[PDB]
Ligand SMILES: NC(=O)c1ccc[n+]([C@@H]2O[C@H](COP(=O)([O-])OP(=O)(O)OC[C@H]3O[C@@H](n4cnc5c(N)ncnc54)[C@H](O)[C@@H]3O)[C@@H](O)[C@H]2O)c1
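The data below hold one chain only, encoded as structure tokens and taken in the form deposited without this ligand.
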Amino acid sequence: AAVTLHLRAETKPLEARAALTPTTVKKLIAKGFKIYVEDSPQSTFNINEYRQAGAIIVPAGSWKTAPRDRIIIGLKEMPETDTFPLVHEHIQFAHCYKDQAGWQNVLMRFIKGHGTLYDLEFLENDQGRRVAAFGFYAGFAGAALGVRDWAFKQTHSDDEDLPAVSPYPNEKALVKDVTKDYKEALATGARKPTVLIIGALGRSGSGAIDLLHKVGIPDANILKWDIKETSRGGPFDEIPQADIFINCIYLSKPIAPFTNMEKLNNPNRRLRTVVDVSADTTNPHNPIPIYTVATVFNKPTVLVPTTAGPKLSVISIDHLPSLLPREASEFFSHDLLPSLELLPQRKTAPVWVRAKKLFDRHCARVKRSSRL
């Protein structure tokens, strides 16, 4: 009945997060788990932390020849160039349940190997809430970058953009950098910014608020909006009037937009920076219809081409957690831990059964001559 878990090294480029951290490895061993951890030079964690936490350290890629009873756990996808049979039970985000390009081939690997995929994205408690997601640090990182861009606009001319950003080793280091930029902006005479957050009550919302407090933005300067306020229906006057607008709500139905080029095109607009934490380029009904580009760490902002008012930019990065890969891992892995403790009963425990049955359903959709 004792479970062996094998933490696969991520092979997705620049993926520095991990599904189990040294702290959660340690708790799982205390609970009688046996844990192997692959050496991962891309991981934000040093291998030696897992060593001290009691893991058995093995080479990157060693899961491929591991005994068939080991549960292989990772965060992100397999190399699409690998085509060999998946024989193990795997725990990971596989991004193949939503008709993604190549989704059938993903599943064909498991089918051919008689392996099982328990998809992280669809582990839910009995009320159907996801047990583990990356919201909080998405909102934290997003806010951090909106302050940096707002501050950047106070200290540089419009013909310059916020430079390339990089992941940080810990939250303290991010806060200190944001704070430095921010104090420099205030030294020019800029007043302390007001920030509108839409979706203030979810985890991303709370992350954004937490960042602003820690940077020193007065609580009075933060307009904390959720459904109560947005159901009134847009466009919202409060958006061009804020210095920074952080959106944390995903909306994809044909409703009235939060704002538009018409409301933005105005010499009295104070808004300098929009961080769309929910940004999704494939949203048919983007409620902030002012940008088409999904921005990235090497080029984190895109101009909104206004015809009046100060220079205005959008941050639409869709991997904001990756700015703080250590804290993002810790929180995700902590939240995932009670479900991992149920792995000895995964044949019957609904959290695991839901994920297995769902795998089988998506598998049934795959119609291939090679299965005859």
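Here the rigid core means the biggest group of C-alpha atoms that line up within 1.5 Å when the two forms are laid on top of each other. Numbers follow the displayed sequence, beginning with 1.
Beyond what is shown, the protein has a form deposited with this ligand bound; the following relates to that form.
Notebook entry, point to check: Only one of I91, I246, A138, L145 has a non-hydrogen atom within 4.5 angstroms of this ligand in the entry with it bound; which is it?
Noted result: Exactly one listed residue reaches within 4.5 Å, namely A138.
Next item on the list: Counting non-hydrogen atoms within 4.5 angstroms of this ligand in the entry with it bound, say which of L264, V87, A190, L201 makes the cut.
Entry: Flagged contact: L201.
Margin query: Residue-level question: is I227 within 4.5 Å of this ligand in the entry with it bound, judged on heavy atoms?
Written below: Taking the distances in the entry with it bound, the answer for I227 is yes, it comes within 4.5 Å of this ligand.
Notebook entry, point to check: Should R129 be counted as a contact of this ligand in the entry with it bound, where contact means heavy atoms within 4.5 Å?
Noted result: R129 belongs to the contact set for this ligand.
Margin query: I'd like to know if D318 sits close to this ligand in the entry with it bound, meaning any non-hydrogen atom pair within 4.5 angstroms.
Written below: Residue-level check for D318: yes, a contact with this ligand.
Check: Given that the partner is absent here, does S278 sit within 4.5 Å of this ligand in the entry with it bound, heavy atoms only?
Finding: Flag for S278 set to yes.
Check: Residues in which of 248 to 256, 153 to 161, 179 to 187, 288 to 296 have heavy atoms within 4.5 Å of this ligand in the entry with it bound?
Finding: Result for this chain: 248 to 256.
Check: Which listed residue (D177, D280, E160, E184) has a Cα shift of at least 2 Å between this form and the one not shown, rigid core superposed?
Finding: None of the others reach 2 Å, which leaves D280.
Checklist line | Core fit, then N221 C-alpha moves 2 Å or more between this form and the one not shown | finding: No: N221 shifts by under 2 Å between this form and the one not shown.
Next item on the list: Take the rigid core as the frame of reference and indicate whether the C-alpha of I255 shifts by 2 Å or more between this form and the one not shown.
Entry: It does, since the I255 C-alpha is displaced 2 Å or more between this form and the one not shown after the core fit.
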